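Number of protein chains: 4
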Amino acid sequence: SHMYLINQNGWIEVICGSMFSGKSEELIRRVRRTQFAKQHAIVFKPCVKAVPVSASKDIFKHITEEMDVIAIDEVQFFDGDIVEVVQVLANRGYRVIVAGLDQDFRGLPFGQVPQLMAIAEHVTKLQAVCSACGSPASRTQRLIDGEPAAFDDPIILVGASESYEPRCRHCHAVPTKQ
Amino acid sequence: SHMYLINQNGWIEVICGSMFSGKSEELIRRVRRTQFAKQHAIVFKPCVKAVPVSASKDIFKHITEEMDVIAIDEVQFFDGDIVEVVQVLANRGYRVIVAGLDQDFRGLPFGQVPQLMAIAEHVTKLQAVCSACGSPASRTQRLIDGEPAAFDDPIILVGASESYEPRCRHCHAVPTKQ
Amino acid sequence: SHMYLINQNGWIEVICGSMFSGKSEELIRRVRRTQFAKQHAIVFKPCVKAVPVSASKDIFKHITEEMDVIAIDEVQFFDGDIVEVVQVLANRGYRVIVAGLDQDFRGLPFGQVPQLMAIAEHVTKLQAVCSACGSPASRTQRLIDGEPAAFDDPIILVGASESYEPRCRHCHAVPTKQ
Amino acid sequence: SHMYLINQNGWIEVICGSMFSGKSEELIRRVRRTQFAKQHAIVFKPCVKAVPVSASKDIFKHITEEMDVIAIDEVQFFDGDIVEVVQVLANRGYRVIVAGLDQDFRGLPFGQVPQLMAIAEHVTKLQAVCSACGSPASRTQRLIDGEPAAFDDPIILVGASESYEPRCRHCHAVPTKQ
Ligand SMILES: Cc1cn([C@H]2C[C@H](O)[C@@H](CO)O2)c(=O)[nH]c1=O
Ligand SMILES: Cc1cn([C@H]2C[C@H](O)[C@@H](CO)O2)c(=O)[nH]c1=O
Ligand SMILES: Cc1cn([C@H]2C[C@H](O)[C@@H](CO)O2)c(=O)[nH]c1=O
Ligand SMILES: Cc1cn([C@H]2C[C@H](O)[C@@H](CO)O2)c(=O)[nH]c1=O
Ligand SMILES: [Zn+2]
Ligand SMILES: [Zn+2]
Ligand SMILES: [Zn+2]
Ligand SMILES: [Zn+2]
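Chains as they are written, first to last, in the deposited numbering: chain A, -1 to 45, 63 to 193; chain B, -1 to 45, 63 to 193; chain C, -1 to 45, 63 to 193; chain D, -1 to 45, 63 to 193.
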């Protein structure tokens, strides 16, 4: 015979975009509306309380039937389970709100974020303002001593303003070796 | 003869919605992207610095050719000039970002906000979560000692949580005399 | 004593923008999703069937308890009742979808559209592409024999391509007498 | 030495969602605004003119310096090159508009659509109305003789109403063997 688990009407909201676009601020705006309504919310991170986790499946250990809203920040960093983990959470009737980068510094899709964008009921893509020219940005520029990082430098490198900048595609510079 | 002033490509962004929807937080998110880009921003209020003003036309006194972005919060409160003031600012090439309530406590259009929504290049309408039932809110409920305010009580009454609550239309209650 | 009619969770969606932005096409897209779901829809116009009406209150005569979705096109043209008419429809539990111009040819708010934008749960503002320069348009330019219409010519003038064009604010030209 | 090709300010717009959500209609709305502005547009499909192509890289053969806008429908069907092909088109200064399913019938990410959603400047996710319950849909249900298709049936199966239906997640049924 065939098996069928009946999903509940939870859902997923994805917030994504380059660094500096206010993804985390928008996650928190949404979460805050939640509290004015007196719902129970929890926020997860890698490394209302914010709870660090080393694996996606660890999220389960921290959850209750009491809880209404599950937020996860910096999702690009989450492991390969994260797609399944959020699907199951939504299927259980939770509002799952998820924020992370769409693209790494090369302009390539970051981690499981594209998959989350695909399965999500709602997607919000935020833009920053380009540092070089003032028009809408859609990229994170990595700089090293003022110089644009090469296409071959590591995908993951934890940092902030000291290494990163928002740019439109025109101003985005990712040099390759020949 | 006929006169013609050539507008520049400034524009208007309206952020609106009931109390508690995060209008001001979203104004500030937008303004903050501005600073990461090193643009000059100013924020106006009734009663990056926040500058109180008693009339809309007073905004002009505080502006420069240096400045790039003009934000105005709590726009429902601004006088009858505000439509013209923002049109002229945009026409001068500024990015004008404006936040205020769409509706008063009766569910009726608040101040000049509907007109601003009409002339604006961008409109963003934010929703809170309903306090009574947990579904998307689109109204501000006024309560007085737990009781829903009558349709005849003043349009303007400055307050916060001690008198106000977000609700969907179903849960919104505005009683009338007979 | 005080009276209170309990609203149902109907709602309003406003679609607005300059001529040529595809307001009517988007109204119909939405309406069409409705039919794939086997809901009962009706469309109203001034002058699934499209039904002309000379007054807003006339809409009532054409409605049923069977019906689920009420669409109204060219709302700028509707009389002063239209705000109340749509509020009551929503309050009765209908999905009310409404399309019309945000601005007349002068760049001023058109009819009751700003009020509808204020009371609506959802607002969608569509942009066309500017004819003069190719960037996003937000205005309807009126031309008469190639020449930009004066600020004093009538507010209402029924027409299409033979008199009208979409423009950004920079390219929008509304001359005034001196 | 290192190589650097300077991108132009073209961009990508993704339109996605379940079957029946009006993706193609919205592609055409956008394309049509283009024509009112007198820009040169072309539309591509798998199998203003609509041009069938068997490989993504074939798109190049059909393009000019004259052309301004490149639309591609049913993108889930396009091969592994499509991400690169659209990146390069945007990088060359074209407005690239792309429409396809976010999810296959199992609720899993379809083809290269998630990657396109990640690299795109704009993402629009459209919802249909659920056939079973009338609330917003976010899934395509596959039915075979009235019965929900198993999780193991082929990923690709060309069809329309005779096999497919839009549903919310609650009503979506994808049975598995045990
Ligand atoms: C753009 C980018 C950011 N990051 C990191 C830097 C920050 O710590 C984090 C985004 O907040 O992601 C990468 O690891 N790789 C990248 O390509
Ligand atoms: C909803 C509502 C708010 N307000 C006030 C209360 C707050 O001070 C402000 C919104 O932040 O507006 C009114 O004056 N009238 C109203 O109907
Ligand atoms: C822009 C504009 C359009 N119209 C009319 C022309 C069209 O018939 C209709 C929009 O489809 O509105 C006006 O009457 N006044 C205006 O200012
Ligand atoms: C939902 C779904 C649609 N399709 C096909 C059916 C249609 O021909 C096309 C969407 O228009 O994609 C699949 O091949 N697999 C799927 O899972
Ligand atoms: Zn730039
Ligand atoms: Zn409610
Ligand atoms: Zn223009
Ligand atoms: Zn359903």
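Even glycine gets a Cβ: it sits at the ideal position worked out from N, Cα and C.
Rounded to whole angstroms, what's the CA-CA distance from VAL68(D) to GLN33(D)? Just pull it up for me.
Their Cα atoms are separated by approximately 23 angstroms.
Going by DSSP, what residue range makes up the beta strand (DSSP E) through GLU11(B)?
9 to 14
Can you list, in chain order, the residues of its chain whose CB lies under 8 angstroms from that of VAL29(B), leaving out five sequence neighbours each side?
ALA39, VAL41, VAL63, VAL84, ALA86 and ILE112
Report yes if the C-beta distance between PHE120(D) and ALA164(D) is below 9 angstroms; otherwise report no.
Yes.
What does DSSP give as the partner residues of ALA188(D) in its beta bridges?
Its beta-bridge partners do not exist; DSSP assigns none.
Can you tell me which residues fall inside 7 angstroms of ligand 7, judged by beta-carbon distance to its nearest heavy atom, and keep chain order?
So the residues near ligand 7 by this Cβ test are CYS145(C), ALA147(C), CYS148(C), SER150(C), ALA152(C), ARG182(C), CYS183(C), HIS185(C) and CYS186(C).
Find the residues of chain B that neighbour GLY122(C), judging by a C-beta separation of less than 7 angstroms, and give them in chain order.
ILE134
Mark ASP117(D) as exposed unless 16 or more other C-beta atoms lie within 10 angstroms of its C-beta, in which case mark it buried.
buried
Provide the residue(s) that pair with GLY161(A) in DSSP beta bridges, ordered along the chain.
Paired residue(s): none; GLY161(A) is not in a bridge.
Against chain A, with Cβ distances strictly below 9 angstroms, would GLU177(B) count as a contact?
Closer than 9 angstroms: no.
Alpha carbon to alpha carbon, how far is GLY174(B) from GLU11(B)?
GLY174(B) and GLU11(B): Cα-Cα distance of roughly 26 angstroms.
Taking just the CA atoms, how far does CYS186(C) sit from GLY95(D)?
42 angstroms
Of all Cβ atoms in chain C, is any one closer than 9 angstroms to the Cβ of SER146(D)?
yes
Which whole-angstrom value describes the C-beta separation of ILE134(A) and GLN102(A), a residue pair presumed to lie in contact below a C-beta threshold of 8 angstroms?
6 angstroms
DSSP puts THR155(A) in a beta bridge; with which residues?
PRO181(A)
Considering only residues of the same chain and omitting the five flanking positions on each side of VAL144(B), which have a CB-CB separation below 8 angstroms?
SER150, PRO151, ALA152 and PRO181
Name the chain B residues whose beta carbon is nearer than 8 angstroms to that of residue 60(C)?
The structure shown gives no position for residue 60(C): in chain C, residue numbering passes from 45 to 63 with nothing in between.
So, at 8 angstroms on beta carbons, what are the nonlocal neighbours of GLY15(D) in its own chain, with the 5 sequence-adjacent residues on each side left out?
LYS21, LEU116, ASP117, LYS140, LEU141, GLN142, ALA143 and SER153
Under 8 angstroms Cβ-Cβ, which residues of chain D neighbour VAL138(A)?
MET132, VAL138 and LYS140
Out of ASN5(D), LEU158(D) and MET1(D), which one is the CA nearest neighbour of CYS183(A)?
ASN5(D)
Against chain A, does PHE125(D) count as a neighbour if the rule is that its beta carbon must be under 9 angstroms from one of theirs?
yes
Following a CB-centred definition, is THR32(A) positioned closer than 8 angstroms to any heavy atom of ligand 2?
No.
Of the residues that make up the segment 64 to 94 of chain B, which ones have a beta carbon closer than 7 angstroms to any beta carbon in chain C?
none
Listing by chain order, which chain C residues have their CB less than 8 angstroms from the CB of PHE166(D)?
Result: empty, since nearest Cβ-Cβ is about 24 angstroms, beyond 8 angstroms.
Quick one, are the C-beta atoms of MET132(B) and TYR109(B) less than 9 angstroms apart?
no
What is the rounded straight-line gap between the Cα of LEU3(D) and the Cα of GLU136(D)?
Rounded to the nearest angstrom, the two C-alpha atoms are 19 angstroms apart.
Which chain B residues sit within Cβ distance under 7 angstroms of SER(-1)(C)?
Residues of chain B whose Cβ lies closer than 7 angstroms to the Cβ of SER(-1)(C) are, in chain order, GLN193.
Reducing DSSP to helix, strand and coil, say where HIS137(A) ends up.
strand
What does DSSP give as the partner residues of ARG110(A) in its beta bridges?
As a beta-bridge residue in DSSP terms, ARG110(A) pairs with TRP9(A) and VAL84(A).
At the level of alpha carbons, what is the spacing between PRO124(C) and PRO169(C)?
14 angstroms
Based on DSSP bridge pairs, tell me the residues matched to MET1(D).
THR191(A)
Candidates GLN127(B), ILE26(B), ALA65(B) and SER(-1)(B): which alpha carbon is nearest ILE97(B)'s?
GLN127(B)
At what residues does the alpha helix (DSSP H) containing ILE26(B) begin and finish?
From DSSP, the alpha helix (DSSP H) with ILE26(B) extends over 21 to 34.
I need the straight-line Cα distance from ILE171(B) to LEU158(B), nearest angstrom please.
Going from the Cα of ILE171(B) to the Cα of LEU158(B) covers about 14 angstroms.
Taking the continuous beta strand (DSSP E) assigned at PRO67(A), which residues delimit it?
Counting along the chain, the beta strand (DSSP E) containing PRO67(A) begins and ends at 65 to 67.
Quickly, what does DSSP pair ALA105(A) with across the bridge? List them, please.
According to DSSP, which records beta bridges pairwise, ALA105(A) is partnered with nothing at all.
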